[PDB]
Amino acid sequence: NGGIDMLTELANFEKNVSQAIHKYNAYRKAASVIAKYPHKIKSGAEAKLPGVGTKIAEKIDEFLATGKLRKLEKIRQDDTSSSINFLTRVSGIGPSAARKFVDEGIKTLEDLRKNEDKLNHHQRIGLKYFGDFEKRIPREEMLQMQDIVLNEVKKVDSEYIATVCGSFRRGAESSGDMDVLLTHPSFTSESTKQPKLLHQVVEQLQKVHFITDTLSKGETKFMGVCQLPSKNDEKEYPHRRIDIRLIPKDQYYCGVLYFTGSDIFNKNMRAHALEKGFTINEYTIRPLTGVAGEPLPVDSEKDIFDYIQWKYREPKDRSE
DNA sequence: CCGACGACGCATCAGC
DNA sequence: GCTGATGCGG
DNA sequence: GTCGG
Ligand SMILES: Nc1ccn([C@H]2C[C@H](O)[C@@H](COP(=O)(O)OP(=O)(O)OP(=O)(O)O)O2)c(=O)n1
Ligand SMILES: [Ca+2]
Ligand SMILES: [Ca+2]
Ligand SMILES: [Cl-]
Ligand SMILES: [Cl-]
Ligand code: NA
């Protein structure tokens with residue numbers, strides 16, 4: 001049901017143009033439930049699955065009959081809408097900044113490059129590598145990036161453990177970018193016994209010229225840019241987005257569940273936890289006046305599934 | 001009908 | 001400077 | 001935009 005892409009374009013419109021985040025999540029939920037439905041949908045009535053209601057069923061009926069959606073056709077022709085949608089593809093430009101740029105007449109890639117002085121630091125790096133960040137990463141390259149990260153982390157301190165998460169851990173043949181969960185025994189929910197734990201790793205990866213740029217950096221989260229080294233006379237590899245998350249070592253299982261995703265899977269799982277009277281974040285699962293109690297004991301990813309009475313789903317089956 | 005929609009880190013800004 | 005809200009991101 | 005109660 002690849003064509004019924006339609007829902008994704010509608011979601012993107014609502015987020016970027018309408019600034020209607022709940023419509024955006026509604027369409028993405030519908031897109032997700034349809035994407036795992038194992039038959040070729042033949043009518044909106046059939047599609048009207050949890051999260052598909054009347055309005056999306058009507059849109060699906062139009063799309064099946066004609067191959068297009070007039071609502072999208074109008075959105076694709078509208079210059080302001082299409083310009084706002086385009087500017088949000090630069091990392092760091094969201095729907096508010098995109099509309100502000102378009103209001104000032106900044107509407108194309110050319111315009112951004114001419115007006116670089118008007119971008120914050122994140123946006124400037126997102127513009128700089130705009131083309132590269134569009135490309136996906138083949139798993140073969142992800143494997144090499146994994147080896148660099150884990151080996152350099154080991155050189156800093158053999159007690160670190162770095163785990164590559166995201167779509168890579170879900171077994172995807174290509175990834176949007178690299179996600180690294182990092183733990184160290186000196187950083188638990190009970191204490192922080194060593195400072196600079198994330199900084200020293202970031203610094204080492206910069207020192208060997210793997211990390212090339214920083215988008216944001218605090219005590220526990222790094223978001224930046226990296227690049228594989230290339231061989232003599234070879235074209236350079238594209239620059240890649242890299243995220244590193246330092247998680248308390250005793251909260252690894254909640255963190256690797258979060259960082260493995262997908263984002264929709266996490267949303268569904270956490271919503272379901274709420275219905276079961278728990279709340280899950282990347283640190284803890286806590287029972288719910290609806291006030292979170294104390295963290296429940298967790299010794300495995302499966303324990304989190306057990307609490308909310310879901311059967312265990314391996315990462316490869318979490319790609320929603 | 002209508003409340004409720006996952007959860008949170010870092011950058012930036014207003015107000016102080 | 002800090003605090004809280006907002007924007008943007010994973 | 002959708003849905004449980
Ligand atoms: N709104 C979001 C976005 C992401 N994540 C979590 C689950 C994701 O799997 C992980 C990494 O986010 P990514 O944006 O890198 O996406 P993926 O790694 O899943 O896919 P890809 O990088 O291949 O596009 O962060 C989340 O919980 N909520
Ligand atoms: Ca991405
Ligand atoms: Ca990723
Ligand atoms: Cl269309
Ligand atoms: Cl917590
Ligand atoms: Na963006």
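Just so it is clear: chains get the letters A, B, ... in the order the sequence lines come, proteins before strands, and each one is counted from 1.
For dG1(C), the torsion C1'-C2'-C3'-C4' is above zero, which places the sugar in the north, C3'-endo range. Nucleotide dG9(C) carries a north sugar pucker, as its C1'-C2'-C3'-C4' torsion angle is positive.
In this structure, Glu14(A) reaches neither bases nor backbone, as no heavy-atom distance under 4.0 Å exists between it and the strands shown. Counting non-hydrogen atoms under 4.0 angstrom, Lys55(A) reaches the backbone sugars and phosphates but no base. No engagement by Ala30(A) is indicated, since no non-hydrogen atom pair under 4.0 Å with the nucleic acid exists. Contacts of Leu49(A) with the nucleic acid, taken as non-hydrogen atoms under 4.0 Å apart, involve only primed sugar atoms and P, OP1 or OP2. Contact annotation for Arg241(A): backbone-only contact, meaning every heavy-atom pair under 4.0 Å involves sugar-phosphate atoms and none involves a base. Residue contacts shown for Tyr258(A) include a base, since a base heavy atom lies under 4.0 Å away.
A heavy atom lying under 4.0 Å from DNA chain B marks none of the residues of residues 72-94 of chain A. Of all the residues in residues 268-282 of chain A, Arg270(A), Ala271(A), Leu274(A), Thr279(A), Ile280(A), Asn281(A), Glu282(A) reach under 4.0 Å from DNA chain B with at least one non-hydrogen atom.
Taking a 4.5 Å side-chain heavy-atom cut-off between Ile, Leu, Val, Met, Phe, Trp and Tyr, the cluster of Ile247(A) extends to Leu181(A), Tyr252(A), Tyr253(A), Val256(A), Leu257(A), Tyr258(A), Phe259(A), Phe265(A), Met269(A), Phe278(A), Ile280(A), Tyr283(A), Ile285(A), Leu296(A), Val298(A), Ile304(A), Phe305(A), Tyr307(A), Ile308(A), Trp310(A), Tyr312(A). Clustering of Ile, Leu, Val, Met, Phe, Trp and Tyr side chains at separations under 4.5 Å places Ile125(A) together with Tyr129(A), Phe133(A), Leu215(A), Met223(A), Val225(A). Summarising the hydrophobic clusters (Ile, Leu, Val, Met, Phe, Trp, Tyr; side-chain heavy atoms under 4.5 Å, direct or chained), the residues clustered with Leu274(A) are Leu288(A).
Taking the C1' atom of each, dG1(D) and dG9(B) are spaced 29 Å apart, rounded to whole Å. Distance check on atom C1': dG9(C) versus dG6(B) gives 15 Å, rounded to whole Å. Nucleotides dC8(C) and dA7(B) have their P atoms positioned 23 Å apart, rounded to a whole Å.
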- Message: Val149(A) vs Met178(A), test: side chain to side chain contact (heavy atoms under 4.5 Å, CB included). Steps then yes/no.
- Response: CA-CA 10 Å; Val149(A) 168; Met178(A) 169 153 291; 4.3 Å; yes
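Residues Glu152(A) and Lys155(A) are paired through a salt bridge, judged by an N-O separation under 4.0 Å between the basic side chain and the carboxylate. Classification of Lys100(A) and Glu104(A) as a salt-bridged pair holds, one side-chain N sitting under 4.0 Å from a carboxylate O. Salt bridge annotation for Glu58(A)-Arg70(A): absent, with no cationic side-chain nitrogen under 4.0 angstrom from a carboxylate oxygen. Note on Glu9(A) versus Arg76(A): salt bridge recorded, some NZ/NE/NH1/NH2 to OD/OE distance being below 4.0 Å. Comment: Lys267(A) does not engage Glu320(A) in a salt bridge, judged by the lack of any side-chain N to carboxylate O separation of less than 4.0 angstrom. Checked for salt-bridge contact, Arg245(A) and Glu282(A) meet the test: a charged N lies under 4.0 Å from a carboxylate O. Ion pairing between a basic and an acidic side chain is recognised when a charged N comes within 4.0 Å of a carboxylate O; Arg136(A) and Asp177(A) show no such pairing.
Residue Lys221(A) reaches into the minor groove of the paired bases (side-chain heavy atom under 5.0 Å from a minor-groove atom; none near the major groove).
We find that OH of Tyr24(A) is positioned 17 Å from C1' of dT2(D), with the value rounded to whole Å. Rounded to whole angstrom, the span from the NZ atom of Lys29(A) across to the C1' atom of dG1(D) amounts to 10 Å.
DNA chain B contains the following stems of three or more consecutive Watson-Crick or G-U pairs, with both distances under 3.5 Å: B:1-5 with D:1-5, B:8-16 with C:1-9.
When the ring-ring contact (aromatic ring centres under 6.0 Å, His included) test is applied to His199(A), no partner is found at least two apart in sequence or on another chain. With sequence neighbours left out, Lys40(A) forms a side chain to side chain donor-acceptor pair (under 3.5 Å) with no residue at all. Partners of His39(A) by ring-ring contact (aromatic ring centres under 6.0 Å, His included), not counting sequence neighbours, listed by chain and number: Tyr37(A). Not counting sequence neighbours, the partners of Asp78(A) by the side chain to side chain contact (heavy atoms under 4.5 Å, CB included) test are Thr80(A), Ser81(A).
Using a 4.0 Å cutoff to heavy atoms of chain A, the contacted part of DNA chain B runs 5' to 3' from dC5(B) to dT12(B). Reading DNA chain C from its 5' end, the first and the last nucleotide to sit under 4.0 Å from a heavy atom of chain A are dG7(C) to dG10(C).
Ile161(A) and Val153(A) sit in two unconnected hydrophobic clusters of ILVMFWY residues. Membership requires side-chain heavy atoms under 4.5 Å apart, directly or through other members.
A donor-acceptor pair shorter than 3.5 Å cannot be found between the side chains of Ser319(A) and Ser262(A).
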